[PDB]
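Two forms of the same protein chain are encoded below as structure tokens; each is given separately, as structure 1 and structure 2.
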Structure 1
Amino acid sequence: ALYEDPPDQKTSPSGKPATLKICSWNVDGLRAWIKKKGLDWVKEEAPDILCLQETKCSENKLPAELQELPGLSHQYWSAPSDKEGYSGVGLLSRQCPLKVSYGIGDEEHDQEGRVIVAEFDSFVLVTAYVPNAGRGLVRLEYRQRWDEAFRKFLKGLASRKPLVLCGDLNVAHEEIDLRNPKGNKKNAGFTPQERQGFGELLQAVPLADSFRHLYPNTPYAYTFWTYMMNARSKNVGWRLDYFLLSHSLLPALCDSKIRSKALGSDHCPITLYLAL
């Protein structure tokens, strides 16, 4: 069935107005995405912070259009050293972060271009492009090891300031999170191993799935559709993109949106509203 994201809630449970809008988008090739007007959509959305995944773009190749964003003028980019045209993440922000870092512990030697950490006054933001398990699950074991390493890294961040983790976490946590759960249990994104990893992430750090917290029983809400077989027009998709929050931030949570109508990638944007 088709899906209509409900209206933006912009006030928290206790009545405080949203003061921070974060948008996250796997753009599936930043240069292509810009040619397909993705930045026009971004300007309409006017987030305070924009997190981008799968930029497939080294920083020297960034289109000039990215220089003409006065409201997102603090920009941080990461791409892998030996696999350019794959991976790549970006974080663009209205206000300057206090600290910025890359990777999950040894980026200087493992230059992977998958994770950016930005510390702000009230919280730490992490954006991630989690490694896909691969066609035929050929890189599932690597993914499991990476999940463990990530969980440990994040636990030693959340012990300081509250954490917001966003991005493409490359798993549909539960059956409600994709259209075809039965046929996909041996597929990247819905293996028991990946689903369990997501569960351990929520429990160990700990974190809450913002969208599912607000909409625990809402089906057909996805953020990815394969380019093939007209899947998006049929809303045959997967929810792979998330905002995960420290429990101490739940009173700040106003809404967690899925921007289903925004084209330019095989993922759609997701947007978080917080009252800080």
Structure 2
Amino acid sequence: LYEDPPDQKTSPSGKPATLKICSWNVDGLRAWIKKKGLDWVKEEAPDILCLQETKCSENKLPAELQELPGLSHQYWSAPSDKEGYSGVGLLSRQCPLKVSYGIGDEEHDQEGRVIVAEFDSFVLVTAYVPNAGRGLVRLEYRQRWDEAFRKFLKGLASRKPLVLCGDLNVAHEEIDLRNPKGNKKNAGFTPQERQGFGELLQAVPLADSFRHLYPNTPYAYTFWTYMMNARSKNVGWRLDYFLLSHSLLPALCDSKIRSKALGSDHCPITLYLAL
């Protein structure tokens, strides 16, 4: 059903790529390590690695992470008392100019979901967007999250070009999951969440890097449920994105989906930019 095409490492204007970012919902740092997720990171050797759903505070990080080759500048965020839940990481070869946590809004800054790293020519945000939950019990909260998050990003983008990556917990369009018709009332494919996402692209503004390059390409997913061995049948969802400011599009080389990389129920995604 899907074969990600070869890595295009030069820009439309012929500039070689200078930055490789990789994002990955790891479904628990210790499970991911146990499943050889680190081995794959060493093969990708990104300039910056963003991790979501670490399920782990900084006080309890596995030693294998301290010894991650290349990525020495590491920033970690998690719920401060609740183990086994949410949590994000941002790991970089180069030291950022500034690193901050959350979105400036007390209600939305308790669950370790957002890290912002500022560099010379752009700002990188990684996020683990709140799931709407079984029975949509968190859908109202998610809509409030979506609005606060959008305003925050609009604010960052007014100063510097922006890259947002992570598990944004939404499949934008019907092409972004295998079973759109069965999922219109479920977390990840409700009109409210799909609308929030659409308005995010238009308000900041941001472009969906993968869909911009591959507008008609179906069956490209980043998440498959362990349930019923969905991955072996490619019954999945694209929940993981690189969204970028329109000003960065001339710098865009490729946006990749590493379908075969094991370690989680999500696969990694990888961006090439010529900055």
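Every residue number counts along structure 1's sequence, beginning with 1. In this text, the rigid core denotes the largest set of C-alpha atoms whose superposition between the two forms falls within 1.5 Å. Residues that one form lacks are left out of the comparison.
Shift analysis on the rigid core between structures 1 and 2 singles out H109 from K185, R135, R145, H109 (C-alpha displacement of 2 Å or more). Relative to the superposed core, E84 undergoes a Cα shift of 2 Å or more between structures 1 and 2. Lined up on the core, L66 has its CA atom moved by 1.0 Å between structures 1 and 2. Comparing between structures 1 and 2 on a rigid core frame, one finds that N26 has its C-alpha moved by 0.2 Å. Under a 2 Å criterion for C-alpha shift, the consecutive stretches of 3+ residues that differ between structures 1 and 2 after core superposition lie at 81-84, 106-111.
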